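Please read the structure below before turning to the comments.
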Amino acid sequence: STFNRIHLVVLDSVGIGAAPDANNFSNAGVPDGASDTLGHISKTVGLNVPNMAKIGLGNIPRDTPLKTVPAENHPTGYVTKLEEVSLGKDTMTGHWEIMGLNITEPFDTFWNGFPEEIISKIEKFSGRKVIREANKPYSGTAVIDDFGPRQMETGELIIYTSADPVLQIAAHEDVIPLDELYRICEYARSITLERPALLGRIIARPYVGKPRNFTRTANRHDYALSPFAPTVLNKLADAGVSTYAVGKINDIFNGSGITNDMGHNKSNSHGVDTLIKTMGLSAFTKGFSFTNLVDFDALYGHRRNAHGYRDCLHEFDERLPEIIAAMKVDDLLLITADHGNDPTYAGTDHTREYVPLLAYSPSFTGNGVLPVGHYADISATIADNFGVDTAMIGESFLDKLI
Ligand SMILES: [Mn+2]
Ligand SMILES: [Mn+2]
């Protein structure tokens, strides 16, 4: 194995400009072809990311340069941008492709709530009406505050969603028995396996308490889809190669091919702490770490907050030298994203964009820019490095790094 360890960090949603097929995707009816997460942030609120620029962020080919991220004539790493092949721009699709799958049946998202077929089906199975005013994207903690009292009186189901392909059912334990909530969720899981209702995850959300003061209970159950084919995580795990997960990674893959889940992040910074700790483990002598830093997407992209997005990027850039200081000489660091989420754009959804790829190792004997590639080339490079099979798609760029 050329690199003894590889650390892949996903800056969730950090796109670097509309993809060739961007107009096949949209935001509140507006096609994605004008989106440009990094570029639009830079030209509106500014963007100071000297540590990523030094690796070569400003060397990645673009029609027009990042306004405030200059090219670097003496870069320390290799950079390029990667194009998504899968027909979805959601988080699960992007990560699964980064690990080598080609998703041609993209998960459905429901900005206007679940269709009548799904709701009507669940209503008939459960014998309970669904509260239609709650069938829409909704803070899980606010929907319970808003319709909890009603549910306590009527026993109606509260079914809601998020920006993700997720269906959640909140049900007060006093009026809706756990056993029943689970059966309903299982039935729900069974009728959402194909488009136009393909759901990544069904979540039972039991809760207790009283009006204006509710508490979610540990009786939560999840019903998630695993990758439909072995990914490079499976290839590594099957070969006895360690796979460490940080952040949303375990959830996204439903644990498939993950030997060491380090758990959810409290925040990006707490995630970077956890990655640094993981890198320092005496047991972690060989293998792969896979970290998702989600704040860019959840707090800033979806909320169309460019100022905050900028700050979040700056704060990651400030911590990047800590990650690098913790690398062994024969470690490789890869930084990328899973789609865009342009905070200057119409809508409040992800945007179909190229994603940056930054590559760094102290053992590098060269630097510069790689040919533009595809998401799954990341998986193939990792597979190549550890001498395991590729999954569905992807081509290694390992030979360019050595
Ligand atoms: Mn994402
Ligand atoms: Mn998102």
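Chain A is numbered as in Swiss-Prot; shown residues: 2-403, in order.
Structure determined by X-ray crystallography, 2.0 Å.
Cβ coordinates come from backbone N, Cα and C, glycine included.
Site annotation (Swiss-Prot, ligand Mn(2+) 2) includes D298, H303; from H222, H351, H375, the additional listed residue is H351. Within 8 Å of the centroid defined by the CB atoms of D298, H303, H351, the record's Mn(2+) 2 site, lie the Cβ atoms of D13, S14, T92, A164, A299, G302, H340, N342, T349, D350, excluding the listed residues themselves. Same-chain neighbours of the Mn(2+) 1 site beyond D13, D339, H340, judged by a C-beta within 8 angstroms of the site's C-beta center, are, in sequence order, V11, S14, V15, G16, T92, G95, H96, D298, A338, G341, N342, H351, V356.
Taking the Cα atom of each, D13 (Mn(2+) 1 binding site) and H351 (Mn(2+) 2 binding site) are about 10 angstrom apart. Cβ neighbour density within 10 Å is lowest for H303 among the binding-site residues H303, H340, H351.
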